[PDB]
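Structure 1 and structure 2, given next as C-alpha cells, are two forms of the same protein chain, each shown alone.
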Structure 1
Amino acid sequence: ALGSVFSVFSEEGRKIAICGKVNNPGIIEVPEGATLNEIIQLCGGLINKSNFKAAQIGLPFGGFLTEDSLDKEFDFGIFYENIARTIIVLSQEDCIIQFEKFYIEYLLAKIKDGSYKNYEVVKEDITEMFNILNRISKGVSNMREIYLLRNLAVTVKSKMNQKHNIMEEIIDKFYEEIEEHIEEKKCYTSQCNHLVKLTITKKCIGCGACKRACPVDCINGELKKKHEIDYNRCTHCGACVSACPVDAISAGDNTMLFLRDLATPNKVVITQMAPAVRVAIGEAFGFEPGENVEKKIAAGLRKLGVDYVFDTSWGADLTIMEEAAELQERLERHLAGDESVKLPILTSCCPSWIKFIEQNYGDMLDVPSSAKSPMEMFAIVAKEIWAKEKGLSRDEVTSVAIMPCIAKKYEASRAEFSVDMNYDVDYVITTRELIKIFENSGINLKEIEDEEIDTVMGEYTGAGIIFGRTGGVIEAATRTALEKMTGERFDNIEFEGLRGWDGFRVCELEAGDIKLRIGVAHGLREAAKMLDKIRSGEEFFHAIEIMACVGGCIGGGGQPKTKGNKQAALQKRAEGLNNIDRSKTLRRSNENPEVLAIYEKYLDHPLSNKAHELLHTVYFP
C-alpha cells in the first residue's frame, strides 16, 4: 500500500515513489543530475509552502536526510540491497515524533512477521523506543526519555554492527522539538492529537464572529485584537470554528495518523460512524441530503484499508437500553414518593452540555444520566470484549470514530475513556476529513459498489438511527421505557411531539396510566432558556433532551457545508434519518439481537454492576 499527503492520498531503473508532504505524490523518473530539492520541485513542492525538514529513504531501512543533503546530488547508493526505492519527504508541518512512531511500528511489524529475522535480537529494545515515543505523544514523559532513547539507539547500533543508527541523528537534529514536546507539552505542528487544545491561532484578525457566536460568552477580545478562548468554560460546541472565515481556530486534524495506521502492515483498524454522517457525506458526491449511503462509506473505508467496519447506532441502541432502564427506575422511585430521586433525567450523547451545566447549573448535577455515549460504549465493547474474544490486546486494535463534530474529539481525548494510556476511541475523524480523504484517494461514493457493515456491532434499529437529529435520543428512550412500563406494544411508534424544529419544544405523552412531560432543546441558548424555566419552577419535566447544534448531530460543524437553504438541508437530513427508522423492521433499541447478546453473555442485564463498570461514567467528578 503505502502513501501519504496532507490532502491525503494512499497510493496503492531511475524510478522512485514519492509519498511525503509533497503536492502530487506519485512515481517519478529522476533526471540524472538532480538534487533532492529538484526532485521535490518536479513533484510540485510541499503542501502549502512549509520548507523541507527531512526525507526517509526506504521504509524498513535506509538513510535519513535533512537540509544538509537538499542541494547535493542524489547519490543512488543510499538505495542499498532490495530497499524498494521509496522516499517519504517531510515538511516543517510534520511532527518527528509521530513519524518515528510510524517508522518504529513498521519495523516492528516486519520483524514480527519474519521478513527481517536478522533484526529479531533488537525487537524488545525497539519496542521500548516506540513506548518512549508513545509516552511523549501522550504527554506523560520527562526529559529522561531522551537519555533512554540514546542508549537504546546505541544498543541497537552495537547489536546490528551499524555505523549510523537513525535515532541518534534524530535526537541530535531535533532535540529542540523533542524538548518542546516534553517540557512544554506542546507539538508545534499539532499532529499529536493528545497535546492539542482548541485554540485561536496567530493568524486571527480580530474580526469578531466567534465572539458573537459563542452561546456561553467564552471568548474575550475586541477590535483587531487577537481573541482568546477561556478553555475552562469552553463547551467545544464548535460554533467559533464554523463561524470563522479563516483557519484561525484549530482543534487538530487526525487524517495523517489515520493514513499511517492504515499503512502499518498487519495492524487491525476498525471504525465506527455516527448516525448522521451517512445522510450528509453523500452530498459531496452528488447525492441529496438524507440519502443513506452507509454501504458506499463502508466500501470506501474497506478500500482504504480498514479491516472491520462497524456502526455507532449499535452503541446508540445499547445506550437506549441503559438509559430507558435508568429513566424507568427514576419514574418508579418518584411515583413512590422518593425525594432522593432527581428529575428530570437528561438523555443526550452531546458532550457540550457537560460543562454547560457544570458552569451554570450546579444545582442539576444529579439530573443527567450516568450512561456513557454511544461512541465510547462501542469503543469499550470493541476493545474489552470483541478484541478479547478474537485474542487481541487492546493496543493491537485501532478504533477510529467518524463523527460530525469536534466535541467528540474532546470526548475521545478524555482520560476517563482510557486505560494504561490506551484511549477507547484512539482518535476521531470528521465528515469533511473523510470526504477529502476519499476525494484525493480516488474514492467516489457515487460509483463504488455497496458493501455491508459488519454484523456484531453494526446492526442497528430505527430508534438508534434517529439519535442524529433533535428529539431522537428521548424518542428512543421513551419508546422503550413506555413499552416496558405499560406492557403495550404501540401501533404507531413515532412521537411527532418530540419531532419538529422549534428551539425549545414541549411535549406530553400519554400511554395507559403513564403520563410524561418532555422538554427538547437544540441550541445552547434554547437549552439555557429551558433549564432556567425548570429551576424557576415555571415548567416541570420528567425528561429532557439537549443538543448544542441546530437540528442535532446532522447539523454538526464537522458536516459538509450545506448547499442552498441551510435549514431546509438540515431538515432533509433529519427526515432522511426518520425514513431510515421507518424502513427498519425493528424500531425499538431493545429488539437488536446483538445488544441483547451483550447483556446475556457479559453484563447479564441493564444497570447491573458490570453494566455500570463498563458502559457508565461519572460526569462532574
Structure 2
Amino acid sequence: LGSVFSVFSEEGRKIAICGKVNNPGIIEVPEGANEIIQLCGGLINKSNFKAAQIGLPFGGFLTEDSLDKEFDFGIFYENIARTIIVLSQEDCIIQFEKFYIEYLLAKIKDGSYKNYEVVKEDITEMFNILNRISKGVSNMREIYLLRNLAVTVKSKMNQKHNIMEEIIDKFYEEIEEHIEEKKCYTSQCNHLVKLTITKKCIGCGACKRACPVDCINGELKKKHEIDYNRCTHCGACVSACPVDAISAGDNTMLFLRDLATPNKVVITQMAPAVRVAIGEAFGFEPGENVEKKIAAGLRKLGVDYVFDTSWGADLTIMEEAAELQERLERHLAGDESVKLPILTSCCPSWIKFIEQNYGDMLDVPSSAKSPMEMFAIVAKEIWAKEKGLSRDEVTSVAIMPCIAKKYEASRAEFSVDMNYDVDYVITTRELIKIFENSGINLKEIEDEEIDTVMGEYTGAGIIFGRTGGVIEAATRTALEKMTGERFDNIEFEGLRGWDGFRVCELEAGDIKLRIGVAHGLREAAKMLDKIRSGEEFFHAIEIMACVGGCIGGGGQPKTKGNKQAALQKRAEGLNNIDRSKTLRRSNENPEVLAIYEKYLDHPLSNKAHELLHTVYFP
C-alpha cells in the first residue's frame, strides 16, 4: 500500500509514512522532541498539515492540535499498525474517510477483526453516506445521520475518540461545502469537479483564441470563464494555458487508494491510441505499440484484470455498421424519413458541438454508445455478473487520452443507482506519472498479455485511435456484408490522410458511398456547413476533435520534436497494428460474437439497444 500526490506505491521504533509527505517510506524515527514531516521531507508542494491517521485499519486520528506542541510519541496507540497516512490541505476529507471505511470493511469482511462484526452494517451506512456526499446527491441531514452512526459505533467499540465524531467536529465546514455548494475544495471528488478556469488566470486570452466554438468570453486581462453550456470538452484550452489555471481534476489518488484497498476488484480498459504514445515517456518511438508493457505495469500496480477498449470498439462497429447498412438500405428504398449522413465517432466533443450549433442534424449521429461505455456496461452487467459480482464490487478504470472521456464517464446516463459504468478515467499523462514515481519502467518490464474475454480486438477496432479509423472500420464491415464480397485490400487509403476536411468515394459492387472526415472541430464546422448548404452530400461522416484523432489527445504526453511528424507516426503505428492483425474486420472478433450469441442475440436487437445504445440530445 502507498499514497502520495505526484504518486508513489510503497510496496519496535519503526513507523511507515505514506501520506502527503514527500518520499514515502518506513524511516527509523528519532526520539527527540512539527518538523517530523521534515524528517520525511515535508509535505508534497508545501501544503499545510491537515491530519494524520494512526494505523490503517484502526488507531487514532491526529489533527492540527498536535502540530507545534509535544507530539507524544507513545500516543501512537498500542495498535499503531506501524503505518501513518499523513494528510495535507490537498486531500479531501470525504475521500479519505471513504478509503478508511472501505479498508476497515474489507478487513471485517475477511475475518481479520470479528470484534467489529457487530458494527459492520453501521459502518457500511457511513460509507454509503460518504459516497452520496462525494456523488453530490445529499442534503445536510447526512451529517446528522453520520453523527448518530458515529455515536452508535463508539458505544459498542467503547472508544474515547471516535474518528467520525472528530471528523464532523473539525472539518464541518468542508462537509457543508460538499453538500450545500456541491464543491470539493481539493477537487478529489471527481463527480463534483467541472472544467474550470481558476484564480491563476492572468487574462492572456490564449484560451479564447484556441476555443473552436468560442466558449470563453472575457476581455482585457479580466479573468476568463468557460460557458459550460456550449463547452465541448475538447481540451484545447487546457493545453493552451501559459499557466495551470484550467483544472479538470486528476483521479490518480483515487486509483491508488482503490488499488490499496484489500479484496477490491480493479479492472482497466485502455483506449486504442494510448499504446502508441505512452512508451514515449520511457524511450520508445512514437507509434511503437507497448500495450503488453502497459498490461504488466498495471498488474504490478495491483490491477486484477487488464482489458482493452479496442474490444469495445469492435462491438461498437458491430452496432454502427448495422445501423449504417440499415440507413443505406432505407435510403436506396426511397424512405425519405431516413437521414444522411450517419455520423460514426467515439469522440464526445461532437455531441455538444452539434446540439448547440447544428440542431437540424440531431438525427445524423448513430445511437451507439462509445467503445469506452460499451465496454463498461458489458463489464458490469455481464462479465461481473458471470463472475458473481455486483456492479459496485467491480471498479472499472478507463485509461484514455482525453479530458472529454472524463466528462463522458461522468455523464449520468452511463450509470445506474449512482454506480457509474466507468468509475473514473486516468489519462495517459497521469498513468505515466504513476509509473514514473512507482519505479515502473515500461522499457525494462517484461511483457504480459491482456486478458482475453474483453481484450481481444481486430485492426478495425485499433484504427479507432486516429482520424478516419472509425468510419473505415464501419465501412469495412458494412460494405463487405452488403456486397457479399471479401475485399482483397481492406485498407481504404481515401479515409486516411491528414487534411482537416477529407472527402472519399468508396465503390464496392453496386454500392457507392461518399464519406466525409474531419479532425479539428473548425474543419468539422466547415464540413457540417457544407452539408447544410447542400454544397456537398455525404452518406457517412466522422468527426474528431483533436488533430490526428485520439493519438493527438490532450491527455497524451506532449509530443517531442516535430508535432505533425509525431502525430502521424502514432497514427501509422495504429495502422501497422491493424496490418499485423489476422482479423481486420470487427465482425470477426470471437469474443464480441460471443456477446451477441449469448446475451444480445444480434446487432440492433432490443437487448443490444438497451445495453449498447443511448439517447444523445434527449
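Only residues modelled in both forms are compared. Definition used throughout: the rigid core is the maximal C-alpha set that superposes within 1.5 Å between two forms. Sequence positions of structure 1, starting at 1, serve as the residue numbers.
Compared between structures 1 and 2 on the core, the listed residues 340, 492, 82, 232 keep their C-alpha shifts below 2 Å, save 82. For residue 72, a C-alpha deviation of 2 angstroms or more is recorded between structures 1 and 2 after rigid-core alignment.
Superposed on the core, the two forms differ at residue 149, whose C-alpha moves 0.4 Å between structures 1 and 2. On the core-superposed pair, the CA position of residue 160 changes by 1.4 Å between structures 1 and 2. 71-84 is the sole run of three or more consecutive shared residues whose C-alphas all shift by 2 Å or more between structures 1 and 2 after the rigid core is superposed.
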